[PDB]
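For what it's worth, our numbering labels the leading residue of the first sequence as 684, then goes sequentially. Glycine included, each C-beta is placed from N, C-alpha and C at the ideal position.
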Amino acid sequence: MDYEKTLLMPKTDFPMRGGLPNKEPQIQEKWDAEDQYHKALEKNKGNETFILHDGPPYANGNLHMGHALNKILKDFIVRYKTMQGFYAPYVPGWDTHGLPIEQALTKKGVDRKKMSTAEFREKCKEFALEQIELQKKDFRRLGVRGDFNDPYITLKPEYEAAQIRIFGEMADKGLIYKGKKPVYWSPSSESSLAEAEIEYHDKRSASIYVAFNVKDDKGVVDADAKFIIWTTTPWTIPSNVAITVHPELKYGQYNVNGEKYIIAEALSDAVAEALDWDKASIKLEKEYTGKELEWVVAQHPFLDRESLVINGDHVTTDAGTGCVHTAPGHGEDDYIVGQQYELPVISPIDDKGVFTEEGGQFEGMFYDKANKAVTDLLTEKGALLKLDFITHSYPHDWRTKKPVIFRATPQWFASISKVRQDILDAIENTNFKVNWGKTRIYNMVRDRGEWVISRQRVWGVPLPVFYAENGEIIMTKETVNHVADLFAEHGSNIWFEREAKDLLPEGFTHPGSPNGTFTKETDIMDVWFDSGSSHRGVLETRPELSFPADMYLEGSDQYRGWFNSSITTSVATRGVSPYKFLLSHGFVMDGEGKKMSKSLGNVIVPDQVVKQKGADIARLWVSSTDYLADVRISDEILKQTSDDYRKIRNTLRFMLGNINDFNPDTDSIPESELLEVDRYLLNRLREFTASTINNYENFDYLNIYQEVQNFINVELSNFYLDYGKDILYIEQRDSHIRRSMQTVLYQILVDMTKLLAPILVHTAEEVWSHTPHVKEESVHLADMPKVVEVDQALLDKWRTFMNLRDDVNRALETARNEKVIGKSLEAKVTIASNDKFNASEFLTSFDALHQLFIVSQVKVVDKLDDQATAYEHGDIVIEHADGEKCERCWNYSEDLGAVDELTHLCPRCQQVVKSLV
RNA sequence: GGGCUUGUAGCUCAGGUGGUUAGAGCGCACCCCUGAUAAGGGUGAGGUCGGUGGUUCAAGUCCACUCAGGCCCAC
Ligand SMILES: C/C(=C\C(=O)OCCCCCCCCC(=O)O)C[C@@H]1OC[C@H](C[C@@H]2O[C@H]2[C@@H](C)[C@H](C)O)[C@H](O)[C@@H]1O
Ligand SMILES: [K+]
Ligand SMILES: [Mg+2]
Ligand SMILES: [Mg+2]
Ligand SMILES: [Mg+2]
Ligand SMILES: [Mg+2]
Ligand SMILES: [Mg+2]
Ligand SMILES: [Mg+2]
Ligand SMILES: [Mg+2]
Ligand SMILES: [Mg+2]
Ligand SMILES: [Mg+2]
Ligand SMILES: [Mg+2]
Ligand SMILES: [Zn+2]
Ligand SMILES: [Zn+2]
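Dropping the structure here:
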């Protein structure tokens, strides 16, 4: 007859293959339907709280692997805290203002000039919300649990109003002020431009050398040797302002003939070389320290009146002559280092290349031809020049293809310098996972210049400022807070819909404008300000949250980004960091650790990992990366992830099928009555559990990925589950020995699925769904197993038994290569003490060595002759087992018997079978 | 160029105060099993630690320089 019918084979419909791309949507569908997000919250209703504040991704485009890495790590954290009983609301957010979106619309074919600000802004909003829906869909497909149905958005009235109140408070503490800054300006478009509207094209520029003297006397500290000058911009000459000097680097030359001017060290060679001067390459003499040449007061001719100073510099040396000269009226950093000191803003020029003030003969022409021929009047006619024509790449208006120039424009600033030390101190009191995180942002805030907070665009939050003709600036608590009031109720659009007096309080009045009339600012705030105020607009505003967030977690680029604008803004108005803990991760690279491009074809997108392999696979990958640095993804990397996932899943499947008939409520064996081998695994489970919780407490998911594998592969699959077959399949269903293993098997099943739940969200649920008798619905609404003390002596004892098992297996291998044995069951193992190990005594405290080694018989003797091979754990002798093969359990027995139609059954199996019938 | 950061076996990772033949899991090779079967067991082969030079009796582990990466600036 057939023996398999009497066997107890595993039973479960839990599939070996995941089918993730088709199973996960259903599971997600159910989680939403049963509003688990809010259920998870009410489950921990009055417990300690954990607030992880989400940084708002930009509402434009497709999520990339970075969004996935970042969101999945966040979910790990909140899920684990939730599973430890913490009330941990996770509310995603979206960054919705900014130039990029205005551009998307324009590129889409919207066209501002043809509808008005109000209609264009609504178009931006409509677009942002559409993008959000798409992104929200993708985020949820990763298995992330969060308030996705009621996320915070920077375009929401309440958020905008909060942002305004932040602007108001900073303005009150005197941290907001109006000034000016140079910006790309297109005389063609009669408007300023951002780098995104700039494209380079070669241009004909007449470069000249205007060597200017060093009169006065304050600068005659070292002779009266003139200071040369070279500008590729003749119109950038009527801007008499300082010169240059890169501290440390010195040299002055002072050479024969001419006037013994000044060049430089690494410059000299490539300086006079083109100066046409080479009257016997005359040698230098009295070089006078560059760096130290500060305040070397020098009158710069051409029709000057003021002498130009010189201060520290940042980047000057190169093919470009050592003589730079400045004029904050038309220069990027030419304005920074050139302003700290009493410096008057130079040059005019209206929205058109035309100027007026200070302009001599050229009082109404342009910045071009009015130079190359006009201003070229004032040149070598006293400053020794060399009018040359050169070609180089130059900034151009991308639509008009015409040249762009720098021009100082009124801008608004946030006074970082006044709150600097305050931010530094808040950082010092901020916790970090790694010390360099603290150092990076520290030096950041330390070397940070003033914050330009204004932009001349329409898609954003308006600076709540009003102007009173007579002078200007109306920015008081009353005015800002009333604007906040309106914004809170109508949103920012109100600003573009109403007149100034409608945006002002109760029939407001001010000394300015005796006629009760007012003007309003038009600039909007920099988007960094928008997100940077998220701690106010969401943490302080929403009921479920609390201002100081337990932590912020984002990419490395946020040290200059959201981490920075958020702390700057929070310290300014609250005096504290908006985050008690700052955790950052790296970027996602390809397999070689190189940037994903597209021209290179090494991208890999989240949407594809999910569709092709599954969200649970994208997640396991995350847990396996050392996120504190850059991480790497590729097809070979993911094939690995797939292979580990299959092993975890398959192992869980086997355990599931073998506890299908186990009812914990009535079949469990007391710990004190478990077979010792079962108590050993129960303790390996406790050890693995303790270790994993610790890892979760430290955000060390990589350690869990590593340990889970070793526990699943080595302890379970390789050993316990294998050895268990001779028990689970053969013993009587309700026998003490079978129920003892099931008792531990069940606990491991349950606990391990719970311990993995934060990571393998879908599979954990699917396994939970196939486990009999689990209390709660959903693993995700259950608590982590409690950490208990392990029996260390039991562990050491079995650790040694395991190392002894390896020697046996080695002995079994040798014998198997010799065809002496096939499966380990056809073997008889004899072992005895060695000089290296007292095997005989040690093996005395173990039961059923034959089952433990998966062999038919084990004989412990005491001593073996010089036939037995020696092992680290004793001498071992392997030979084919005695007796005949029992057709049921496949162990060899010398006492096979028949039970009715079933022959060749060992005594053990005869008993099990007889109890069937 | 500046701040911070990474480089150990095919892959992902371990390797306190420097000290015998650098560890793990997977993968791979070969063998066994065929009662987890688009499964399972076993053995074994692979790194000299990005490079060079030093400190030291002795360095993956300390120093210097260097190569190739990464984020953010300077640009
Ligand atoms: C780890 C990251 C990127 C990455 O790893 O890079 C992924 C690789 C890019 C894909 C290449 C595509 C081809 C393009 C080509 O051709 O070159 C960065 C992270 O992102 C997610 C979050 C985004 C929000 O903005 C952040 C904040 C806090 C603020 C409010 O804005 C997170 O905070 C962080 O910023
Ligand atoms: K088999
Ligand atoms: Mg680790
Ligand atoms: Mg294995
Ligand atoms: Mg390597
Ligand atoms: Mg490697
Ligand atoms: Mg590492
Ligand atoms: Mg191996
Ligand atoms: Mg080498
Ligand atoms: Mg050496
Ligand atoms: Mg020596
Ligand atoms: Mg060491
Ligand atoms: Zn061109
Ligand atoms: Zn039997």
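Between which two residues does the alpha helix (DSSP H) containing residue i stretch?
i	result
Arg1103	1099-1111
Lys1322	1318-1340
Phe1525	1522-1525
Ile1387	1384-1393
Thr1256	1245-1257
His884	No alpha helix (DSSP H) contains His884, which is instead part of the beta strand (DSSP E) from 881-892.
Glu1449	1444-1451
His1533	1532-1535
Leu1477	1475-1500
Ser1306	1298-1306
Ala1151	Per DSSP, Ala1151 belongs to no alpha helix (DSSP H) and is neither H nor E.
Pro1289	1289-1295
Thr1349	1347-1350
Could you check the C-alpha separation between residue i and residue j for me, to the nearest Å?
i	j	result
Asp1105	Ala1097	14 Å
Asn1118	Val761	23 Å
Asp1466	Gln709	24 Å
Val904	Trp978	10 Å
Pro1145	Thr1202	14 Å
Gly1132	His736	27 Å
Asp899	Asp987	13 Å
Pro772	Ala1447	21 Å
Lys1408	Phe1337	11 Å
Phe1394	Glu1459	26 Å
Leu1477	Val1360	10 Å
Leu1438	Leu1368	11 Å
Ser1400	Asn1333	10 Å
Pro1590	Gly1580	7 Å
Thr1252	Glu1180	28 Å
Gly902	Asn994	13 Å
DSSP has residue i in a bridge; who is on the other side?
i	result
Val1512	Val1541, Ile1561
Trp913	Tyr892
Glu1567	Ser1576
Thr1074	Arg887
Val793	DSSP, once it has assigned bridges, lists no residue as partnering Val793.
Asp907	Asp905
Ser875	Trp868
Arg1090	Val866
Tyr1262	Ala1232
Need the endpoints of the beta strand (DSSP E) that residue i sits in, please.
i	result
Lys864	859-869
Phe985	It is not in any beta strand (DSSP E) - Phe985 carries neither H nor E in the DSSP assignment.
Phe1045	Segment: none, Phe1045 is in no beta strand (DSSP E) and carries neither H nor E.
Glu1237	1234-1238
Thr1586	1585-1588
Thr1552	1552-1554
Assuming residue i and residue j are in contact, meaning their beta carbons sit under 8 Å apart, how far apart are those beta carbons, in whole angstroms?
i	j	result
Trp1178	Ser1214	So it is not a contact: roughly 20 Å between Cβ atoms.
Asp1545	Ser1523	5 Å
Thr1372	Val1259	Not confirmed; about 37 Å, so no contact.
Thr919	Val1007	Not confirmed; about 11 Å, so no contact.
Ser1317	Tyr1384	That pair is no contact at about 20 Å.
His1453	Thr695	6 Å
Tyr944	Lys909	5 Å
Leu1535	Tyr1403	Their Cβ separation, rounded to whole angstroms, is 11 Å, which puts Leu1535 and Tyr1403 out of contact at 8 Å.
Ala845	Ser1216	6 Å
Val1135	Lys713	With 8 Å as the limit, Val1135 and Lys713 do not qualify as a contact, their Cβ atoms being about 49 Å apart.
Taking one C-beta from the segment 1255-1271 and one from the segment 1234-1242 each time, how about it: are there three or more such pairs within less than 8 Å? yes
Kindly confirm or deny that the segment 850-857 and the segment 1023-1034 touch, where touching means at least three C-beta pairs closer than 8 Å. Too few Cβ pairs lie closer than 8 Å, so no.
Examine the Cβ distances between the segment 1563-1576 and the segment 1514-1523 and report whether three or more of them are shorter than 8 Å. no
For the structure I just gave you, are there three or more beta carbon pairs, one from the segment 1204-1223 and one from the segment 1185-1196, closer than 8 Å? With a cut-off of 8 Å, the segment 1185-1196 and the segment 1204-1223 do not count as touching, because too few Cβ pairs lie within range.
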